[PDB]
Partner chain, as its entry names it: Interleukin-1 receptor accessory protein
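As a starting point, one isolated chain is supplied in structure tokens, in the form deposited without its partner chain.
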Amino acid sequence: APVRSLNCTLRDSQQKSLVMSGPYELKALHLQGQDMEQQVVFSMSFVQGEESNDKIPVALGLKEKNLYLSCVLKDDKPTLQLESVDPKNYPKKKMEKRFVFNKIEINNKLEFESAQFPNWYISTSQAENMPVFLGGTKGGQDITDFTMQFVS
């Protein structure tokens, strides 16, 4: 039948919220109070792909926008982009591989690995107001761990 989706927010393990940074980038910053409303709401779709108890293939669309996080090579590197799609055709169960993340449960958190680029992860910097990016390094300075909130 359809694809199943949940509305949600993400925060990094330093409890930084994700906001828009112009039309095709996200940034992470410490938010609390009134400025909370600025945070991006995702539609997390549960998509076709290799799956285990702790590794769940998802797409991350922006709620009621035809925009998805995607992983592509840019100037020869795996790169996180926001990509526009035909709103008539999305979301769908068989999302193209650039749109798929393996949502992995790790020590009471989540990591989002690129299905396209193994061991590349949605990442944030420790610094405030810097882009969300696709990083190839776990256990370093950059943050690869999240919690998820289920929105109405």
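Residue numbers count along the first chain shown, from 1. Rigid core here is just the name for the largest C-alpha set that superposes within 1.5 Å across the two forms.
This next part talks about the form deposited with its partner chain bound, which is not shown.
In the deposited complex, residue 134 stays away from its partner chain, with no heavy atom inside 4.5 Å. Its partner chain is not shown here, and in the deposited complex it never comes within 4.5 Å of any heavy atom of residue 10.
For the set 89, 119, 107, 126, a Cα shift of at least 2 angstroms between the shown form and the other one, after rigid core superposition, holds for 107 and for no other residue. In the core-superposed comparison between the shown form and the other one, the C-alpha atom of residue 52 has shifted by at least 2 angstroms. If you compare C-alpha positions, residue 51 and residue 10 are 3 angstroms or more farther apart in the deposited complex than in the form on display. Annotation: residue 46/residue 108 CA-CA distance shorter in the deposited complex than in the displayed model, change of at least 3 Å.
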